[PDB]
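All remarks here apply to the structure that follows.
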Amino acid sequence: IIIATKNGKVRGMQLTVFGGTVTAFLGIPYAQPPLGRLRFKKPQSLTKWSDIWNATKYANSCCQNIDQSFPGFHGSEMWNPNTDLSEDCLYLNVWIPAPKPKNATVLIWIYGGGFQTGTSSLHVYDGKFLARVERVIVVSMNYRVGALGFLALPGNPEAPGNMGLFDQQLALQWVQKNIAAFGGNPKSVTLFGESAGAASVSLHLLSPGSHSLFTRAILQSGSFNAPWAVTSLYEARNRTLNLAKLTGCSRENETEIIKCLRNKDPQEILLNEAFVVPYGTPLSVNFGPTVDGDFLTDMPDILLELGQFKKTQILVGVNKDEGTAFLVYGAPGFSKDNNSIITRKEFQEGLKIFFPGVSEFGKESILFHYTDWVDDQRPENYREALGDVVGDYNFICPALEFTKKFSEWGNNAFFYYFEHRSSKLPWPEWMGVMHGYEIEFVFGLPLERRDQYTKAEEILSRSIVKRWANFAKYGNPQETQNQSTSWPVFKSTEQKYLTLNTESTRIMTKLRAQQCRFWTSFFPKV
Ligand SMILES: *[C@@H]1O[C@H](CO[C@@H]2O[C@@H](C)[C@@H](O)[C@@H](O)[C@@H]2O)[C@@H](O[C@@H]2O[C@H](CO)[C@@H](O[C@@H]3O[C@H](CO)[C@@H](O)[C@H](O)[C@@H]3O)[C@H](O)[C@H]2NC(C)=O)[C@H](O)[C@H]1NC(C)=O
Ligand SMILES: *[C@@H]1O[C@H](CO[C@@H]2O[C@@H](C)[C@@H](O)[C@@H](O)[C@@H]2O)[C@@H](O[C@@H]2O[C@H](CO)[C@@H](O)[C@H](O)[C@H]2NC(C)=O)[C@H](O)[C@H]1NC(C)=O
Ligand SMILES: *[C@@H]1O[C@H](CO[C@@H]2O[C@@H](C)[C@@H](O)[C@@H](O)[C@@H]2O)[C@@H](O[C@@H]2O[C@H](CO)[C@@H](O)[C@H](O)[C@H]2NC(C)=O)[C@H](O)[C@H]1NC(C)=O
Ligand SMILES: *C(=O)N(C)c1cccc2c(CN(C)CCC3CCCCCC3)c[nH]c12
Ligand SMILES: *[C@@H]1O[C@H](CO[C@@H]2O[C@@H](C)[C@@H](O)[C@@H](O)[C@@H]2O)[C@@H](O)[C@H](O)[C@H]1NC(C)=O
Ligand SMILES: *[C@@H]1O[C@H](CO[C@@H]2O[C@@H](C)[C@@H](O)[C@@H](O)[C@@H]2O)[C@@H](O)[C@H](O)[C@H]1NC(C)=O
Ligand SMILES: CC(=O)N[C@H]1[C@H]([C@H](O)[C@H](O)CO)O[C@@](O)(C(=O)O)C[C@@H]1O
Ligand SMILES: *[C@@H]1O[C@H](CO)[C@@H](O)[C@H](O)[C@H]1NC(C)=O
């Protein structure tokens, strides 16, 4: 099957899914490849082609450094790129139902990876199940990451910052101009993403140039006000300069520095990216979103607080054990291959790793609020507190604060707490319900009976998929038929949220109230 787009015809491929068919268009280009003089610049519009573009395989993933912390371990390597790395990577994917829909709602996935890694071609982002089961169209795109996507000398168009965010935006634009030709509804577009993808979605809610390019938004385990998600303009400059020094590209004319960095080979840039920070952490974001005066007109805490964002519905949520995955990437006494019982001294050293530039008093205050136990003899006490510290600070409390602030301006918001640990999880049990492991439920992988998930997991994915699709189509994440628990709107008064698990979906109130009053009220003062 062949589709005529505004820039030329593209050929897809038929996929067998669940005794039906999905048409997949894998690797459609949506911008001029950002090479040569175009490196670090905003994405340029694509010149029309006259042939038939063969969109039958995922395209190159963008240049990025690979996680090598556990070679051979599927738990970490499933997140690594699975196509060739290349600067020529501005491509997107489309899954459409077969038979071709008339006016399907469109879901646009933006992957995470700390703005330094990720790719749309990961197995857990395969949108063919969503298209088969709910008859939505799933779009996903690759966007530039790391220095190549977020290097910033702000106000200077040779490297203005936020390029990877403009990559995303130009793909959103592509959907507006072309998706009706695939049977999609440009007026019914929901962005969803996880971690830096969710942070990206929250910044699209804030960017005026994205407001006309989507309807609704879903934020999984991330939002821009998370402490790792926005690079200050001070650091962005100190980091651009450091990378210049590492690469032998220090000049005086700022533009001349970028010209120098433009002649460097991609691997030279990538290898020096790591050491541009003085004190890195497992959650470090070397080159990330900045206030550029283009995509972001002001500091986003200010825009959020004062109601300067797209008025629409949002679905936001977090996982029960967001923080535990990151403890094996640096915290002493931790290991995925043992139960990681750490001492009080190890917990204190762990705070130094995760809060490097924080004062002594600030680290003590973290310790004070997370080490008054129900049982002081519980030998896992400090292991779980450090996971809770990292998860509350970096994910849960920023998600809740975003949802509170956003809803205060009249919009319906829906908050979830995901507490099911995948039965096939290759990580150890002490890490519980890890960051990133709701994604496969959202994308409906457990609906495939051949893939040795439990039956209760098939049902949970089925209900989750229906709720996501109803949110995108109707602004309302209900499952209205199988006598499901009604998902109430999150209000700033009562702060109700829905728990997602295989046993009982409960409605609860005021998630992590005590912990988040420490993080969002006390801790920013330190
Ligand atoms: C596909 O469906 C859309 C409607 O999509 C729905 O409405 C959105 C606002 C979102 O809430 C979506 O989640 C939701 O599913 C149809 O859009 C319709 O487009 C036509 C023109 O393209 C609009 O016609 C209007 O006609 C009046 C009077 O003649 C004019 O004055 C207006 O200027 C305007 O052109 C129509 O309002 C609009 N419908 C809605 C509800 O906004 C779209 O036509 C449809 N396409 C197909 C092929 O089915
Ligand atoms: C801002 O930048 C300076 C310079 O960074 C150093 O040089 C870069 C090329 C890169 O290799 C970094 O890792 C280097 O640290 C930072 O100054 C350094 O500060 C650390 C302690 O914070 C100190 O041990 C180094 O000796 C310093 N090096 C130099 C050359 O001054 C500085 O810390 C950065 N950040 C801030 C907030 O000032
Ligand atoms: C859990 O493991 C950590 C990490 O040690 C590594 O992994 C082990 C499974 C084993 O294969 C070791 O040989 C590895 O080095 C242990 O932390 C280390 O403990 C030693 C003291 O024995 C210390 O000198 C190291 O610095 C520690 N390494 C780190 C990264 O902290 C930890 O003691 C183990 N805990 C339990 C309860 O098994
Ligand atoms: C979201 O994108 N987040 C939370 C984020 C921030 C900074 C770096 C990130 C990386 C890459 N490395 C540092 C960690 C890889 C882990 C992530 C946990 C899931 C399973 C283990 C692999 C990824 N995400 C970020
Ligand atoms: C584009 O695709 C055309 C159609 O052929 C199909 O694609 C190739 C790759 C084979 O898998 C074939 O069995 C398929 O039916 C090709 O004839 C054409 O060469 C392709 N052109 C380019 C530039 O790739
Ligand atoms: C809803 O449930 C379907 C099967 O459940 C059966 O049908 C419902 C109406 C009840 O009678 C129940 O007791 C039966 O076991 C699933 O096939 C379907 O996928 C489910 N849909 C969603 C959105 O969860
Ligand atoms: C960087 C990269 O992936 N380049 C190209 C690859 C490789 O050059 C070869 O497969 C050898 O590895 O091959 C293609 O031409 C192909 O045949 O589909 C597509 C792709 O653009
Ligand atoms: C730097 O070089 C550019 C041309 O490459 C020039 O336009 C500019 O004036 C020079 N000086 C500064 C301060 O940018």
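Along the sequence shown, residues carry numbers from 1. Hydrogens, waters and symmetry mates play no part in the numbers below; they use all other heavy atoms, side chains included. Order of appearance sets the numbers: ligands from 1, and atoms from 1 within every ligand.
Ion pairing of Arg462 with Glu134 is present here, as a side-chain N (NZ or NE/NH1/NH2) and a carboxylate O approach within less than 4.0 Å.
With a heavy-atom cut-off of 4.0 Å, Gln481 does not touch ligand 6 at all.
In this structure, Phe25 has its ring center no closer than 6.0 Å to that of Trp95.
Between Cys63 and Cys89, the two SG sulfurs stay at or beyond 2.5 Å from each other.
Figure legend: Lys336 and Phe73 shown as a cation-pi pair, the cationic atom lying under 6.0 angstrom from the six-membered ring centre and within 45 degrees of its axis.
Closest protein heavy atom to atom 16 (C) of ligand 6: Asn482 ND2, 4.2 Å.
Annotation: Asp84 places an N or O atom under 3.5 Å from an N or O atom of ligand 7; distance criterion only.
For atom 7 (C) of ligand 7, no protein non-hydrogen atom is found at a distance below 4.0 Å. Distance check for atom 12 (O) of ligand 7: every protein heavy atom is found at 4.0 Å or beyond.
Heavy-atom proximity to atom 3 (O) of ligand 7, evaluated over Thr83, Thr56, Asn60, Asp88, is greatest for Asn60.
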Where does ligand 4 get N/O contacts under 3.5 Å from the protein, atom by atom?
| unit_1 | atom_1 | unit_2 | atom_2 | d |
| --- | --- | --- | --- | --- |
| ligand 4 | 2 (O) | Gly113 | N | 3.0 |
| ligand 4 | 2 (O) | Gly114 | N | 2.7 |
| ligand 4 | 2 (O) | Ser195 | OG | 2.3 |
| ligand 4 | 2 (O) | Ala196 | N | 2.9 |
| ligand 4 | 3 (N) | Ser195 | OG | 2.3 |

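Each of the atoms 18 (O), 19 (C) of ligand 7 lies under 4.0 Å from some heavy atom of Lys57.
Counting heavy-atom neighbours within 6.0 Å of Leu35 CG, excluding the residue itself, gives a total above 12.
Tested against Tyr453, the residues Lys424, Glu440, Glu448 include a single side chain to side chain donor-acceptor pair (under 3.5 Å) partner, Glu440. Of the candidates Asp84, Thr117, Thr83, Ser61 forms a side-chain contact (heavy atoms from CB on, under 4.5 Å) with just one, namely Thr83.
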